[PDB]
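In the structure tokens that follow, the same protein chain appears in two forms, which are kept apart as structure 1 and structure 2.
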Structure 1
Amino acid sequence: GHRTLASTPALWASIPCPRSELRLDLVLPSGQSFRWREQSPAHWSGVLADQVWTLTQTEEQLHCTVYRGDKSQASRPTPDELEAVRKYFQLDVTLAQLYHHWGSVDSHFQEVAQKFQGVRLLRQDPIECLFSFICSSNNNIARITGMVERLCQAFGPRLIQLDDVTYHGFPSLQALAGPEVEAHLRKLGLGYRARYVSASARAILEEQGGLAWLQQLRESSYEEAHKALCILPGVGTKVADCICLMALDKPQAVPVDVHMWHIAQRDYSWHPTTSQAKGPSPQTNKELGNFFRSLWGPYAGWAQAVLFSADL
């Protein structure tokens, strides 16, 4: 079944990484990616780039193992595979300097940072991110996590089965654009958003050129990327911001919803000023987003991530 470092050490490869730079337990289930579960104490297993991985860490090292199936000899991750993991967690970025900066302009963040170290922003795949946040609202992590799993088990390739868990890759655009998708997804419990999955897949696979379109937004400006995504069915300002931040390399993006409003009110006593509205709205939400961006800087999105992990 699921591997453990202690049970099959010869099948694990390590990546130099202090616990001060990463805390799997605070990142994997914090609402960025919904593809990871701690199937075993301190061991997180999930799907990363069409491959099942299990990850665990020691004080100074992030241990990794990948499952290859019956077509290939079981062996430790190769240098390139490990590099894929490093990019996923964006380890090239020194968290220390970010935490230092955020704390220097925000006493509240400084106090929260003390108990919540190693919170970083994952670099997810565009398609996986886009459709995960479109298939369901995000009011509850447990909820969207179940919906994403149903989405993958319904149109995602079967990768492998460990113990009583069948892992599936993320559905391809062609699979989501296929007929009867909405109907089947609804039968699964998805809801009306099952329509956006199908519609968006078809909109991209066709009217947008296809996969290349998303990969392009990664290089486009945050302003272009966000505006481009909003044309897709089910993609609003908030969802577009998540994708920009989590998958299109736009760290300054700050997804604003009722959750962030609570944080702003509870921890910053923030109040709208540029808008007459006192509660959430297209105008006040943008002002709120700009408030944190101007406060925290170009990586405002990562700072938000730290507060979210702390609030779980």
Structure 2
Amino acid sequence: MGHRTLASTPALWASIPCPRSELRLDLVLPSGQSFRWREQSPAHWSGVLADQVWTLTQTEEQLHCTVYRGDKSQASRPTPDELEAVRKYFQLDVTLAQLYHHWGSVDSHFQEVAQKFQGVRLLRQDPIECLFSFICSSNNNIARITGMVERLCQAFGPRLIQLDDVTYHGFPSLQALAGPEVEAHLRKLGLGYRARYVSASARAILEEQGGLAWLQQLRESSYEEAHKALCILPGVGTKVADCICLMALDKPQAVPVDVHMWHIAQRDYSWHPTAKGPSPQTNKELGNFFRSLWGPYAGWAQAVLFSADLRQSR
């Protein structure tokens, strides 16, 4: 079985109405939200959504989707149900045009970046995948996070399918990551101190917080409650808790502050603390600065600027 292109198997592609103004796969899938997507052919992005492999590509007005099923069933277009899982993952019910207008109307620098970086949306990620991917993100570059997440899934996620050279795994279950061998094994895969954070956080969610049920509860809770609750987990500080809140728990006002948002603040917003250096208090101020500027979807605005900085550094 090989990776499909819109050309190589036209009958196996289904279409979502979706202009490039609303979504640019090339500016979203490698922009450090999800670490699971690869451009395996020019303009074709392959990765795992909900334990199935997809390839996505786009024309001017359409998002084209194809799904590989690891069963013995005949190949077929995505069902309307499967298509809806893609629509929710890209949060296409949120119209980017109105947000881009608001952010540009209050912020000249954003206006400037936004011209070049259209269609940068926030993915709605699975909370487990989002939590453990960003535990892997601490003191780490995008290349090394992608590698660490890839090795974690290979080791502890179910094998789905092989396409050309690439073997795809689902994201590990809590049960898999709570296992007794996990920590040692993750240290062998170069996760370092993060190996223990993964094991201990999987055990803390299963044993103390009542499993997956908890992350659904946080999804339905306030930003303030969700952020506080996440911060009890080993390896989850303010930055990682904000990433999870923004990317998996529907808190669009979350502004994850680390060195990267500091660099944008100083370089592009001539910003200083009101200790001149990254601390809890100065990190909190910076987050409040961008919520005050951009409004209730501040974290979506940040995603645009992060997409730009990531692209313009390789």
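Rigid core here is just the name for the largest C-alpha set that superposes within 1.5 Å across the two forms. Every residue number counts along structure 1's sequence, beginning with 1.
- The Cα position of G69 changes by 1.8 Å between structures 1 and 2 once both are aligned on the rigid core.
- The shift recorded for the CA atom of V306 between structures 1 and 2 is 0.4 Å, with superposition on the rigid core.
- On core superposition, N138 has its C-alpha offset by 5.3 angstrom between structures 1 and 2.
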